[PDB]
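Colleague: quick one, structure for this:
(chains A and B)
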Amino acid sequence: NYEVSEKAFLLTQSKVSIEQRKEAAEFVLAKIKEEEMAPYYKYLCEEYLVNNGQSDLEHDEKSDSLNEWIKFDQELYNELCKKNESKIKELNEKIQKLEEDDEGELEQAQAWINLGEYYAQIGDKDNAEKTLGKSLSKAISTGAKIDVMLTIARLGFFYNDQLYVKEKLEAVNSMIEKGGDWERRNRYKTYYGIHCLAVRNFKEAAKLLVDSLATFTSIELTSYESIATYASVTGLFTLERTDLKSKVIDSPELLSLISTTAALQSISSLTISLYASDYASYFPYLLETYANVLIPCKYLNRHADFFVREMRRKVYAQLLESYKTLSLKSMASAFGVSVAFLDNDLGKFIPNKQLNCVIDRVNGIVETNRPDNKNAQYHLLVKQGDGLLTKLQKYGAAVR
Amino acid sequence: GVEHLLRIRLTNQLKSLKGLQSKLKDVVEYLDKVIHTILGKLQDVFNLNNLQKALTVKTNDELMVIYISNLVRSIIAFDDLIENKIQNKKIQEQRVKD
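Modeller: Numbers count the residues shown, from 1 in each chain, chains lettered A, B, ... in the order given. Take a look at the structure below.
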């Protein structure tokens, strides 16, 4: 189900090539024949508008699109009824006979789950959760628990809903805690780091992603190259260079992951340039990471500017720690940028107290302000010490 | 056995001040008694922000670190005051219903 949501997401924003939309349309047309995408197929016009979202022959009549395959017709209307009779009408009649004959226990619960998964592809979520809720009481061990969690896990990836999914996934996992192997636990662990990108948790996302394996592929839930970009980009932003040398840049799987596909451009272009402290070619890597990684990915396109703006602030901190002073002529020219471009980035960073530095105008020397023995007891002990005392006085001043 | 039969800062400053008063009388009386060997021993102790000016800068930095520990321990004692205030209400709530 994720293969369609990944390819059709390129239909939303394409600023360069038109063929990217037609190439991604070939994967959509192939999957809609085997499985009915009608809930997401109708969600195409309800997601992003004023591109392809105005083209429909049924609910709303307008023609504006670069893709004519997303509009209903007489063929898809007949196929919608054929898939609805086989996956629901034909299967429910056989399950109804098993209910009266009393055949098995978990077999009827698993049959309701497989039947409930078909309502998700027809576009009716009321009967999908109704048949799933009846089979939830029959779940005891991890045999029927994986299938119940699998249906709710689809709600997050297929319907792109971060609200009612995680609340249900946590309730099912916390009811009976076993986990089976480590891969069945990834469904809760991988979606955890993915949900952190919606509410912008930053370093919290990479907690379970860095320790996760790079060979994990959920197919219909997620692809191989999609999860590879989530752990590479978020893991690089979380762990500092101290932890990058013993984990990211040197790993048995990660070194094998970068050679599989060239669509990462994170653990190779960004990591080596950061480890070698080469700022000449490091700047164009951020543009390739933004265009060819962040934009095509689903959850990596939500932040947008929040990647390059924050990553550029931290890469300067690695340079400020290795020198007391610097050269403004070398930073604003030799690294591939201009003078006005450097003052715009550092202009917003200084008043936010995100770093300690000394910028020179006439002399043109970038000097680092080093606390020496001050460290974390200088401005943090007074701010965090007295700041928490303000929260302590909240309930003590007003009582109840 | 002594403790069974019997069942600070101000005193330290009083005897320390009297040490200079008693020493001053010993020098004046010895001055008129002669008219240097005895006064030489007292001069050895008397001579050995005058000499601490070099360590005065490092002393204030250590006094602040001491206050850091005292500030944290003071907050711990302040949390028990709010905890006991809420606990005192639980006793009052039982007196109203009963």
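
Colleague: residue 96 is in what secondary structure piece?
Modeller: All of this is about chain A. According to DSSP states H and E, residue A:96 maps onto helix A:90-101.

Colleague: that answer is for a different chain, and I need it for chain B
Modeller: Here residue B:96 is assigned to helix B:53-97, by DSSP H and E.

Colleague: show me what that helix is packed up against.
Modeller: Applying 3 or more CB pairs under 8 Å, 6 or more residues apart in numbering or on different chains; DSSP states H and E, one finds that helix B:53-97 makes contact with helix A:380-397. (Each C-beta comes from the backbone N, C-alpha and C, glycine too.)

Colleague: which neighbouring elements make contact with the helix it packs on?
Modeller: Counting by 3+ CB pairs under 8 Å, 6+ apart, helix A:380-397 packs on helix B:53-97.

Colleague: what angle sits between the helix it packs on and helix A:380-397?
Modeller: 20 degrees (axes from the mean of the first three to the mean of the last three CA atoms, to 10 degrees).

Colleague: I figured residue A:313 hits residue A:354, correct?
Modeller: Yes: between residue A:313 and residue A:354 a contact is recorded at 6.2 Å, counting by CB atoms under 8 Å.

Colleague: got the residues of the stretch 101-250 of chain A near chain B?
Modeller: Contact residues (CB under 8 Å from any CB of the partner chain) of the stretch 101-250 of chain A with chain B: there are none.

Colleague: how about the residue of the stretch 301-400 of chain A found nearest chain B, what does it touch?
Modeller: Using CB to the nearest CB, the single residue of the stretch 301-400 of chain A nearest to chain B is residue A:396, 5.0 Å away. Residues in contact with residue A:396 (CB atoms under 8 Å, 6 or more residues apart in numbering or on different chains) are B:82, B:85.

Colleague: ok but residue A:148 is inside a helix, no?
Modeller: Yes: assessed with DSSP: H, G, I helix; E, B strand; the rest coil, residue A:148 lies in a helix.

Colleague: quick one, phi/psi of residue A:325?
Modeller: When read as degrees, to the nearest 10, the backbone of residue A:325 gives phi -130, psi 160.

Colleague: check contacts around it.
Modeller: Residue A:325 touches A:365-368, counting by CB under 8 Å, 6+ apart.

Colleague: which one (most neighbours) among the residues you listed?
Modeller: Most neighbours among the contacts of residue A:325, by other CB atoms under 10 Å in any protein chain shown: residue A:366, with 22 neighbours.

Colleague: and that one, how far is that from residue A:340?
Modeller: 16 Å (CB to CB, to the nearest Å).

Colleague: cool, and residue A:400?
Modeller: Residue A:400 sits 56 Å away from residue A:340, going by CB to CB.

Colleague: could you do residue A:87 as well?
Modeller: In terms of CB to CB, residue A:87 sits 61 Å off from residue A:340.

Colleague: returning to that earlier point: so between residue A:313 and residue A:354, which is more surrounded?
Modeller: For residue A:313 versus residue A:354, neighbours defined as other CB under 10 Å are more numerous around residue A:313 (16 against 13).

Colleague: contacts only, for the more buried one.
Modeller: A:345, A:349, A:354-355.

Colleague: please apply the same query to residue A:219.
Modeller: Residue A:219 makes contact with residue A:2 under the criterion CB under 8 Å, 6+ apart.

Colleague: name the SS class of it, please.
Modeller: Residue A:219 falls in the coil class when you classify it by three-state DSSP.

Colleague: now the residue in chain B that chain A sits nearest to: closest residue in space that isn't a chain neighbour?
Modeller: Residue of chain B nearest chain A, by CB to the nearest CB: residue B:82 (5.0 Å). Nearest residue to residue B:82, sequence neighbours excluded (CB to CB, 6 or more residues apart in numbering or on different chains): residue A:396, at 5.0 Å.

Colleague: what does stretch B:70-90 contact?
Modeller: A:385, A:389, A:392, A:395-396.

Colleague: who's in contact with the helix holding residue A:96?
Modeller: By CB under 8 Å, 6+ apart, the list of residues contacting helix A:90-101 reads A:104, A:107-108, A:111-112, A:114-115, A:118.

Colleague: how about 6 Å then?
Modeller: With contact meaning CB atoms under 6 Å, 6 or more residues apart in numbering or on different chains, helix A:90-101 is reached by A:108, A:111, A:115.
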